Amino acid sequence: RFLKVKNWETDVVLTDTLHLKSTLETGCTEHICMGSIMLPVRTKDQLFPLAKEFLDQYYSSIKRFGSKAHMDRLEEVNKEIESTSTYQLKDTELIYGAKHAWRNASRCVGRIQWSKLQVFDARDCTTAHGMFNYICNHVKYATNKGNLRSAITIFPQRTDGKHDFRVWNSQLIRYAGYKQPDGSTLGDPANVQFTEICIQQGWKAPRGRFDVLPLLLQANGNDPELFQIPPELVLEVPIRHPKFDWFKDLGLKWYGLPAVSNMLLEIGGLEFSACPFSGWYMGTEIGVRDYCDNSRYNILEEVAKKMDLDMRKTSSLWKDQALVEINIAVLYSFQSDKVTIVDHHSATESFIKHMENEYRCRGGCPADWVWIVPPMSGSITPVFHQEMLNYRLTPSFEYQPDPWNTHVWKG
Amino acid sequence: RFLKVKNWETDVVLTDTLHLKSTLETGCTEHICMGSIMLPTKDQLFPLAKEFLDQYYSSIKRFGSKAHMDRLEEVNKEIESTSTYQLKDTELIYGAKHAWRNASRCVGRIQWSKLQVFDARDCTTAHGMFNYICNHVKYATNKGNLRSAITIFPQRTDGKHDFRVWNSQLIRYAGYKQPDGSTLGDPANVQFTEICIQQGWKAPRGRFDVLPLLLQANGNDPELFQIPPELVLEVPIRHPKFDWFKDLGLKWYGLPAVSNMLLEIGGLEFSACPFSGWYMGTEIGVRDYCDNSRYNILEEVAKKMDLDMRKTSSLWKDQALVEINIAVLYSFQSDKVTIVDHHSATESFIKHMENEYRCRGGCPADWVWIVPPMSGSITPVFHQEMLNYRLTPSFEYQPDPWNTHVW
Ligand code: HEM
Ligand code: HEM
Ligand SMILES: Cc1cc(N)nc(C[C@@H]2CNC[C@@H]2OCCN[C@H]2C[C@@H]2c2cccc(F)c2)c1
Ligand SMILES: Cc1cc(N)nc(C[C@@H]2CNC[C@@H]2OCCN[C@H]2C[C@@H]2c2cccc(F)c2)c1
Ligand SMILES: C[C@H](O)[C@H](O)[C@H]1CNc2nc(N)[nH]c(=O)c2N1
Ligand SMILES: C[C@H](O)[C@H](O)[C@H]1CNc2nc(N)[nH]c(=O)c2N1
Ligand SMILES: [Zn+2]
């Protein structure tokens with residue numbers, strides 16, 4: 001069966017056959033669409049089919065499907081599963097797997113880059129101090145003095161679910177949030193709870209507006225341990241505006257390296273609960289979301305005040321005006337400092353070319369419109385006009401519950 | 001079976017039970033989400049009628065009452081013998097208001113209970129349709145103090161005697177493809193304009209020519225009528241700060257009036273049911289003015305503002321977009337023509353959603369349509385989870401008539 005998607009700006013029609021390989025469920029039914037809902041230990045029984053599906057995909061990709069090497073590997077994994085109840089990936093399979101989880105990530109606008117991913121194999125890691133060392137090396141490699149390189153570091157897979165590796169931070173680099181007695185927040189409101197955990201675990205908080213948080217790292221199901229990323233490894237950009245000289249005195253800065261650390265990587269039924277990955281920012285993530293969400297730095301008012309915009313009516317579009325200026329400043333600042341960043345026009349145009357390519361060579365490209373369309377200037381980007389099909393392919397990145405809710409404290 | 005929706009800005013959680021009354025299909029399966037796709041007999045009619053009359057009698061607190069059972073009986077008898085039935089005026093009004101209430105793509109539904117319903121089921125000719133439409137246009141416009149209205153022409157019978165407004169909206173601008181190779185006017189209407197010309201319209205061949213109505217009564221060939229120019233309230237677009245803005249020569253009409261949809265009430269199908277409200281400013285300033293396949297004016301405006309157009313990362317498109325939208329709002333407000341900005345409309349929709357959750361058990365909503373086409377995340381709807389499902393009475397999209405019609 002075939003499914004068509006149309007682009008309402010170009011009239012280009014694409015045909016999806018790849019959705020036929022989709023396994024997992026979406027949350028939607030014939031009677032309800034859950035397209036805007038944010039969140040809509042395995043047996044041997046469920047594991048060998050998943051391993052087999054994966055190895056079939058891997059061997060096809062290398063043009064060796066049905067070969068002796070393919071058949072031998074199937075047998076070897078079969079025997080390993082029956083005897084040890086899990087299995088180990090070869091390095092070449094782990095690489096393929098992590099690249100494909102990115103390629104398959106329907107919420108990711110940056111996927112034109114998927115085949116260029118540095119995979120660091122950290123499956124020999126055993127302790128949190130070892131996790132710390134792996135993560136520093138990741139940060140230093142990815143940062144590359146501002147010439148950012150995509151990378152992922154993969155710690156040991158899940159076993160009984162009692163010995164999990166986890167990075168408790170949601171990203172490797174983020175700013176502390178501090179809830180004040182008067183109810184106001186100092187720093188980033190998104191990280192208040194995690195900041196309190198750090199403090200409880202013994203972190204000495206500087207208590208400013210941009211304190212880089214410490215890593216809280218759990219190895220082998222043990223209680224997590226605190227480490228401070230060497231400040232010389234944390235590249236930051238002070239935010240200034242090309243025309244407005246008062247913009248610098250707002251005191252804003254942001255870090256260069258967006259590094260997601262709370263997701264679960266599934267490859268061939270194995271679960272990598274600690275697999276921090278990083279790319280580079282699209283400007284709007286910082287300028288629109290981090291700075292202007294009401295629940296984050298929330299700087300719209302202060303900027304618009306300083307721009308002397310008419311603020312007595314929403315219909316002057318003061319918020320919209322201030323928003324564009326803040327986003328100009330982020331992009332200017334990163335570019336001026338030679339730190340990799342992409343604007344939302346370039347990123348979305350690249351995504352559309354990626355998606356058309358994928359339709360031709362792969363038969364589809366699952367995409368989540370709700371997430372791919374940027375949070376400002378939606379319809380002046382070509383993705384707004386593009387119909388997309390959302391479905392779940394493996395290998396995949398999945399959300400997992402924050403570890404403080406599930407962790408069995410050892411003491 | 002009971003579902004939760006969370007607002008990620010406010011942490012407020014709502015529980016949806018209303019979706020269990022949904023019947024029609026979404027196009028989504030457990031394996032594929034089609035959320036971003038624009039278009040995803042006697043026996044069949046009685047359950048549809050029953051479903052509707054039940055909700056109606058419930059709404060007036062008379063469910064299971066003598067008057068309820070009596071109407072159910074009368075409608076059954078009328079279907080059995082005539083193969084259809086006629087709605088009482090009260091039912092027609094209730095059904096139209098509820099088709100709006102159920103419109104998952106409509107951000108303006110806080111307004112749903114204030115809809116003036118014009119019953120045009122006695123209409124028999126295209127000239128009669130023109131009369132009803134001019135009256136609708138004048139009533140809804142109200143000298144710029146706009147009032148929501150729908151005008152409901154006779155229901156489908158054997159489907160070869162359909163009433164249709166061929167126009168996609170009552171008021172739109174013509175588009176003409178040029179020897180230059182480009183498009184003069186609104187590129188969205190090039191096909192309809194040619195059909196108007198080929199049926200006899202004398203086009204002024206300008207950038208902002210109000211299209212004629214093409215009206216089809218009783219399945220006949222459609223006929224042309226010009227809406228009295230004095231009933232079409234238009235707004236010249238100027239800017240509060242930029243004096244050069246007026247020289248682009250832009251204008252738009254005050255009355256958004258959708259006229260190509262099908263109203264389904266209790267299984268009956270109203271194929272001509274033009275309706276109208278008032279604009280959210282982004283529809284004109286973002287979509288009508290700045291879509292690449294529409295008036296596509298970003299480049300001209302950016303140039304007049306002398307922005308750096310060498311690189312996308314200067315955000316020249318984004319700056320010009322805001323200014324265009326400030327101008328649309330300023331112009332309508334100055335000329336005292338009802339308009340709503342996207343901040344105000346989305347704030348009201350969150351309030352409406354909360355009312356609908358507490359009072360009705362939910363509110364079907366299509367996030368892809370509800371979130372405005374600019375500044376998405378600085379409006380509260382961006383952070384609001386929405387469940388999309390189909391309730392009846394409903395408005396449904398129907399295919400352009402020129403494909404269906406035989407002359
Ligand atoms: C290289 C440049 C990249 C850019 C510009 C980019 C852009 C983005 C953006 C804007 C989002 C939505 C983020 C949000 O709103 O929170 C996203 C999501 C995501 N991307 Fe990328 N991305 C890049 C690289 C990567 C890499 C290297 C990976 C993995 C190897 C990846 C996997 C993901 C996943 C799994 C999501 C969904 C995140 C979630 O559910 O929280 N991306 N991407
Ligand atoms: C009172 C002021 C109103 C406002 C501000 C408003 C707002 C909007 C907006 C912005 C859209 C999206 C339009 C588009 O992007 O093409 C829309 C869609 C829609 N609205 Fe409203 N609306 C109003 C009144 C009405 C009325 C009176 C009705 C019916 C009686 C209605 C029913 C619909 C329907 C069925 C759609 C989807 C149209 C389609 O699929 O093309 N609305 N509304
Ligand atoms: C409930 C929930 C579910 C889910 N799947 N993700 C989240 C995280 C939510 C989703 N938007 C806000 C918060 O993420 C902030 C982190 N953004 C980093 C991903 C972007 C990024 C950008 C560029 C390269 C990358 F590798 C990564 C929350
Ligand atoms: C393929 C297709 C399907 C569909 N359901 N609608 C369309 C119409 C497409 C969808 N967005 C653009 C085009 O409508 C422009 C009409 N805008 C008027 C509706 C808005 C409006 C606004 C305020 C009050 C109202 F009563 C009505 C096209
Ligand atoms: C409720 C809604 O799904 C939610 O706010 C989404 C909308 N789109 C998004 N898109 C991106 N890229 N990131 C997000 O966090 C969100 N949040
Ligand atoms: C493909 C995508 O569904 C399409 O471009 C949609 C997106 N959201 C929209 N939202 C509104 N209000 N109106 C539209 O016409 C559209 N177009
Ligand atoms: Zn869906």
# chains A, B, ... in the order shown; residues from 1 in each chain; ligands from 1
call {"tool": "interface_residues", "arguments": {"of": "chain A", "to": "chain B", "cutoff": "7 Å", "atoms": "only C-alpha atoms", "output": "number ranges by chain"}}
result
A: 9, 22, 24-37, 293, 295, 314-317, 320-321, 324, 328, 331, 343, 345-346, 369-370, 375-380, 387-391
call {"tool": "write_last_selection", "arguments": {"atoms": "N, CA and C atoms", "output": "short mmCIF file (atom, residue, chain, number, x, y, z; two decimals), in the first residue's frame"}}
result
data_model
loop_
_atom_site.label_atom_id
_atom_site.label_comp_id
_atom_site.auth_asym_id
_atom_site.auth_seq_id
_atom_site.Cartn_x
_atom_site.Cartn_y
_atom_site.Cartn_z
N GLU A 9 2.39 24.50 -1.11
CA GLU A 9 3.05 25.66 -1.69
C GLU A 9 3.57 25.34 -3.11
N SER A 22 6.78 0.10 9.81
CA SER A 22 6.60 0.67 11.14
C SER A 22 6.01 -0.35 12.11
N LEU A 24 5.91 -0.01 16.16
CA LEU A 24 5.32 0.54 17.37
C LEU A 24 4.07 1.38 17.06
N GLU A 25 3.28 1.67 18.11
CA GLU A 25 2.03 2.43 17.98
C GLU A 25 2.27 3.93 18.17
N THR A 26 1.35 4.75 17.66
CA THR A 26 1.50 6.22 17.68
C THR A 26 0.80 6.91 18.86
N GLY A 27 -0.18 6.24 19.45
CA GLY A 27 -1.10 6.89 20.38
C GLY A 27 -2.42 7.25 19.73
N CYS A 28 -2.42 7.40 18.40
CA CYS A 28 -3.65 7.74 17.65
C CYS A 28 -4.50 6.50 17.36
N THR A 29 -5.80 6.71 17.18
CA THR A 29 -6.69 5.67 16.62
C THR A 29 -7.53 6.23 15.46
N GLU A 30 -8.37 5.38 14.88
CA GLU A 30 -9.37 5.81 13.89
C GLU A 30 -10.27 6.92 14.42
N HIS A 31 -10.39 7.00 15.75
CA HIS A 31 -11.36 7.91 16.37
C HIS A 31 -10.74 9.10 17.09
N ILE A 32 -9.43 9.05 17.32
CA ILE A 32 -8.74 10.14 18.00
C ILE A 32 -7.30 10.35 17.51
N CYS A 33 -6.93 11.60 17.24
CA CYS A 33 -5.55 11.89 16.87
C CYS A 33 -4.87 12.54 18.06
N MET A 34 -3.74 11.98 18.45
CA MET A 34 -2.95 12.48 19.57
C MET A 34 -1.64 13.12 19.09
N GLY A 35 -1.69 13.62 17.85
CA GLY A 35 -0.55 14.36 17.25
C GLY A 35 0.07 15.47 18.09
N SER A 36 -0.71 16.13 18.96
CA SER A 36 -0.11 17.19 19.82
C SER A 36 0.17 16.82 21.28
N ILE A 37 -0.04 15.55 21.65
CA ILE A 37 0.29 15.07 23.00
C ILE A 37 1.82 14.85 23.08
N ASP A 293 9.86 31.65 26.37
CA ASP A 293 8.76 30.94 27.04
C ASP A 293 8.50 31.67 28.36
N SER A 295 7.64 30.30 30.99
CA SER A 295 8.16 29.39 32.04
C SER A 295 9.65 29.19 32.05
N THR A 314 -1.79 44.16 23.04
CA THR A 314 -1.17 43.06 22.32
C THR A 314 -1.17 43.28 20.80
N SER A 315 -2.16 44.04 20.31
CA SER A 315 -2.31 44.27 18.89
C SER A 315 -1.24 45.18 18.26
N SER A 316 -0.42 45.84 19.07
CA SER A 316 0.78 46.51 18.53
C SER A 316 1.84 45.48 18.09
N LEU A 317 1.60 44.23 18.46
CA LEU A 317 2.56 43.13 18.23
C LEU A 317 3.94 43.38 18.88
N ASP A 320 5.87 40.14 19.43
CA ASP A 320 6.39 39.65 18.18
C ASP A 320 7.60 40.43 17.73
N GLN A 321 7.56 41.76 17.90
CA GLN A 321 8.71 42.59 17.57
C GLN A 321 9.92 42.27 18.39
N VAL A 324 11.61 38.83 17.45
CA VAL A 324 12.48 38.80 16.28
C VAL A 324 13.83 39.41 16.64
N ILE A 328 17.51 37.65 16.33
CA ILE A 328 18.62 38.27 15.56
C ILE A 328 19.90 38.28 16.39
N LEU A 331 21.62 34.79 16.79
CA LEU A 331 22.30 34.32 15.59
C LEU A 331 23.58 35.15 15.35
N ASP A 343 20.02 29.09 11.35
CA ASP A 343 18.74 29.80 11.50
C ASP A 343 17.63 28.88 11.02
N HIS A 345 15.23 29.41 8.86
CA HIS A 345 14.99 29.37 7.41
C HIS A 345 15.91 28.35 6.73
N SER A 346 17.20 28.44 6.98
CA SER A 346 18.14 27.48 6.42
C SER A 346 17.82 26.03 6.86
N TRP A 369 5.01 17.03 12.35
CA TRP A 369 4.85 18.44 11.93
C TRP A 369 4.85 19.40 13.15
N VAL A 370 4.14 18.98 14.18
CA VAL A 370 4.03 19.76 15.42
C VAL A 370 5.41 20.22 15.94
N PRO A 375 9.04 27.52 16.18
CA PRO A 375 8.09 28.19 17.07
C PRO A 375 7.94 29.71 16.84
N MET A 376 8.58 30.23 15.79
CA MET A 376 8.25 31.58 15.28
C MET A 376 8.18 31.51 13.77
N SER A 377 7.44 32.44 13.15
CA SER A 377 7.41 32.57 11.69
C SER A 377 7.08 31.28 10.99
N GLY A 378 6.21 30.47 11.61
CA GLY A 378 5.88 29.16 11.08
C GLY A 378 5.65 29.12 9.58
N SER A 379 4.65 29.85 9.11
CA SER A 379 4.29 29.72 7.69
C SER A 379 5.24 30.40 6.66
N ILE A 380 6.22 31.17 7.10
CA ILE A 380 7.21 31.62 6.11
C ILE A 380 8.38 30.63 5.98
N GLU A 387 2.87 18.49 4.02
CA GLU A 387 2.22 17.37 4.71
C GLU A 387 3.29 16.31 5.07
N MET A 388 3.14 15.71 6.25
CA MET A 388 4.14 14.79 6.81
C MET A 388 3.37 13.60 7.36
N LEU A 389 4.00 12.45 7.39
CA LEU A 389 3.43 11.28 8.01
C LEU A 389 4.28 10.95 9.20
N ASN A 390 3.64 10.76 10.34
CA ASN A 390 4.39 10.42 11.53
C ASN A 390 4.17 8.96 11.87
N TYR A 391 5.27 8.22 12.01
CA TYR A 391 5.24 6.82 12.38
C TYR A 391 6.58 6.47 12.97
#
call {"tool": "select_by_dssp", "arguments": {"residues": "range 120-357 of chain A", "states": "strand (DSSP E or B)", "output": "JSON, numbers by chain"}}
result
{"A": [120, 121, 151, 152, 153, 154, 166, 167, 171, 175, 177, 178, 179, 185, 186, 187, 212, 215, 216, 217, 218, 225, 226, 227, 236, 237, 238, 253, 254, 255, 259, 260, 264, 265, 266, 267, 270, 271, 272, 277, 278, 281, 282, 341, 342]}
call {"tool": "atom_distance", "arguments": {"atom1": "atom 9 (C, counted along the ligand's line) of ligand 4", "atom2": "CA of residue 186 in chain B"}}
result
13.7 Å
call {"tool": "closest_residue", "arguments": {"among": "A:12, A:355, A:172, A:50", "to": "ligand 3", "atoms": "only C-alpha atoms and all ligand atoms"}}
result
A:172
call {"tool": "select_by_dssp", "arguments": {"residues": "range 84-207 of chain A", "states": "helix (DSSP H, G or I)", "output": "PyMOL selection string"}}
result
chain A and resi 84+91-103+111-113+128-146+189-200
call {"tool": "residues_near_ligand", "arguments": {"ligand": "ligand 1", "cutoff": "9 Å", "atoms": "only C-alpha atoms and all ligand atoms", "output": "JSON, numbers by chain"}}
result
{"A": [38, 98, 99, 100, 101, 102, 103, 104, 105, 106, 107, 108, 109, 110, 111, 112, 113, 114, 116, 117, 118, 119, 148, 149, 150, 151, 152, 258, 259, 260, 262, 263, 265, 276, 277, 278, 279, 280, 281, 282, 283, 284, 285, 289, 341, 342, 343, 344, 347, 371, 372, 374, 375, 396, 397, 398, 399]}
call {"tool": "residues_around", "arguments": {"residues": "residue 168 in chain A", "least_positions_apart": "5", "cutoff": "8 Å", "atoms": "only C-alpha atoms", "output": "PDB file with N, CA, C and O atoms, in the first residue's frame"}}
result
ATOM      1  N   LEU A 215      27.350  17.438  36.532  1.00  0.00           N
ATOM      2  CA  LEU A 215      26.815  16.189  36.035  1.00  0.00           C
ATOM      3  C   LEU A 215      26.450  15.314  37.223  1.00  0.00           C
ATOM      4  O   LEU A 215      27.204  15.242  38.178  1.00  0.00           O
ATOM      5  N   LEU A 216      25.299  14.653  37.168  1.00  0.00           N
ATOM      6  CA  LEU A 216      24.922  13.664  38.164  1.00  0.00           C
ATOM      7  C   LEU A 216      24.804  12.347  37.444  1.00  0.00           C
ATOM      8  O   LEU A 216      23.896  12.149  36.648  1.00  0.00           O
ATOM      9  N   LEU A 217      25.734  11.444  37.721  1.00  0.00           N
ATOM     10  CA  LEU A 217      25.937  10.250  36.890  1.00  0.00           C
ATOM     11  C   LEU A 217      25.794   8.960  37.700  1.00  0.00           C
ATOM     12  O   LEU A 217      26.403   8.785  38.779  1.00  0.00           O
ATOM     13  N   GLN A 218      24.975   8.065  37.153  1.00  0.00           N
ATOM     14  CA  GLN A 218      24.637   6.779  37.742  1.00  0.00           C
ATOM     15  C   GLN A 218      25.238   5.694  36.869  1.00  0.00           C
ATOM     16  O   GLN A 218      24.889   5.598  35.699  1.00  0.00           O
ATOM     17  N   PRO A 224      23.701   7.924  42.112  1.00  0.00           N
ATOM     18  CA  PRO A 224      24.460   8.775  41.187  1.00  0.00           C
ATOM     19  C   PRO A 224      25.524   9.604  41.896  1.00  0.00           C
ATOM     20  O   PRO A 224      25.408   9.883  43.106  1.00  0.00           O
ATOM     21  N   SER A 261      20.750  14.299  27.080  1.00  0.00           N
ATOM     22  CA  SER A 261      21.314  13.165  27.819  1.00  0.00           C
ATOM     23  C   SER A 261      20.319  12.224  28.546  1.00  0.00           C
ATOM     24  O   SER A 261      20.728  11.245  29.183  1.00  0.00           O
ATOM     25  N   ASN A 262      19.023  12.480  28.386  1.00  0.00           N
ATOM     26  CA  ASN A 262      17.971  11.728  29.111  1.00  0.00           C
ATOM     27  C   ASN A 262      17.148  10.726  28.278  1.00  0.00           C
ATOM     28  O   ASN A 262      16.150  10.178  28.761  1.00  0.00           O
ATOM     29  N   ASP A 402      12.271  10.544  34.281  1.00  0.00           N
ATOM     30  CA  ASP A 402      13.404  11.036  35.065  1.00  0.00           C
ATOM     31  C   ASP A 402      13.762  10.022  36.159  1.00  0.00           C
ATOM     32  O   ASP A 402      12.888   9.444  36.800  1.00  0.00           O
ATOM     33  N   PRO A 403      15.070   9.786  36.348  1.00  0.00           N
ATOM     34  CA  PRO A 403      15.507   8.694  37.218  1.00  0.00           C
ATOM     35  C   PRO A 403      15.209   8.900  38.697  1.00  0.00           C
ATOM     36  O   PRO A 403      15.117   7.907  39.414  1.00  0.00           O
ATOM     37  N   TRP A 404      15.030  10.150  39.136  1.00  0.00           N
ATOM     38  CA  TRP A 404      14.753  10.395  40.559  1.00  0.00           C
ATOM     39  C   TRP A 404      13.396   9.841  40.991  1.00  0.00           C
ATOM     40  O   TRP A 404      13.214   9.483  42.155  1.00  0.00           O
TER      41      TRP A 404
END
call {"tool": "residues_near_ligand", "arguments": {"ligand": "ligand 2", "cutoff": "6 Å", "atoms": "only C-alpha atoms and all ligand atoms", "output": "MDAnalysis selection string"}}
result
chainID B and resid 100 103 105:108 111 148:150 275:280 395
call {"tool": "atom_distance", "arguments": {"atom1": "CA of residue 334 in chain B", "atom2": "CA of residue 258 in chain B"}}
result
25.0 Å
call {"tool": "residues_around", "arguments": {"residues": "residue 59 in chain A", "least_positions_apart": "6", "cutoff": "10 Å", "atoms": "only C-alpha atoms", "output": "count of residues only"}}
result
8
call {"tool": "closest_residue", "arguments": {"among": "B:57, B:118, B:112, B:357", "to": "ligand 4", "atoms": "only C-alpha atoms and all ligand atoms"}}
result
B:112
call {"tool": "residues_around", "arguments": {"residues": "residue 139 in chain B", "least_positions_apart": "2", "cutoff": "12 Å", "atoms": "only C-alpha atoms", "output": "MDAnalysis selection string"}}
result
chainID B and resid 115:118 132:137 141:151 231:232 255 275:277
call {"tool": "write_last_selection", "arguments": {"atoms": "C-alpha atoms", "output": "short mmCIF file (atom, residue, chain, number, x, y, z; two decimals), in the first residue's frame"}}
result
data_model
loop_
_atom_site.label_atom_id
_atom_site.label_comp_id
_atom_site.auth_asym_id
_atom_site.auth_seq_id
_atom_site.Cartn_x
_atom_site.Cartn_y
_atom_site.Cartn_z
CA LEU B 115 -24.46 32.89 15.57
CA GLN B 116 -27.29 34.47 13.66
CA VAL B 117 -28.88 31.73 11.60
CA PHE B 118 -30.67 32.70 8.38
CA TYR B 132 -30.16 35.94 0.67
CA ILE B 133 -26.38 36.35 0.32
CA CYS B 134 -26.49 40.12 -0.08
CA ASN B 135 -28.66 40.26 3.03
CA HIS B 136 -26.21 38.02 4.88
CA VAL B 137 -23.28 40.17 3.72
CA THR B 141 -20.80 43.51 7.99
CA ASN B 142 -22.98 45.90 10.11
CA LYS B 143 -20.88 48.94 9.04
CA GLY B 144 -17.68 47.31 10.36
CA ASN B 145 -19.09 46.06 13.66
CA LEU B 146 -19.13 42.48 12.40
CA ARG B 147 -21.64 39.82 13.50
CA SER B 148 -21.27 36.06 13.00
CA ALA B 149 -23.90 34.61 10.64
CA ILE B 150 -24.71 31.54 8.49
CA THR B 151 -27.28 31.31 5.68
CA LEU B 231 -21.94 45.98 0.57
CA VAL B 232 -18.27 44.92 0.34
CA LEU B 255 -15.68 39.96 5.91
CA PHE B 275 -20.92 31.45 7.04
CA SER B 276 -18.93 34.38 8.34
CA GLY B 277 -17.20 35.77 11.41
#
call {"tool": "atom_distance", "arguments": {"atom1": "CA of residue 350 in chain A", "atom2": "CA of residue 367 in chain A"}}
result
14.0 Å
call {"tool": "closest_residue", "arguments": {"among": "A:87, A:245, A:178, A:385", "to": "ligand 4", "atoms": "only C-alpha atoms and all ligand atoms"}}
result
A:385
call {"tool": "residues_around", "arguments": {"residues": "range 259-269 of chain B", "least_positions_apart": "6", "cutoff": "8 Å", "atoms": "only C-alpha atoms", "output": "PyMOL selection string"}}
result
chain B and resi 45-46+48-53+84-85+92+95-96+99+155-156+164-170+275+392-398+400
call {"tool": "closest_residue", "arguments": {"among": "A:7, A:169, A:348, A:88", "to": "ligand 4", "atoms": "only C-alpha atoms and all ligand atoms"}}
result
A:7
call {"tool": "closest_residue", "arguments": {"among": "A:143, A:68, A:296, A:115", "to": "residue 184 in chain A", "atoms": "only C-alpha atoms"}}
result
A:296
call {"tool": "closest_residue", "arguments": {"among": "B:406, B:307, B:284, B:129", "to": "ligand 6", "atoms": "only C-alpha atoms and all ligand atoms"}}
result
B:284
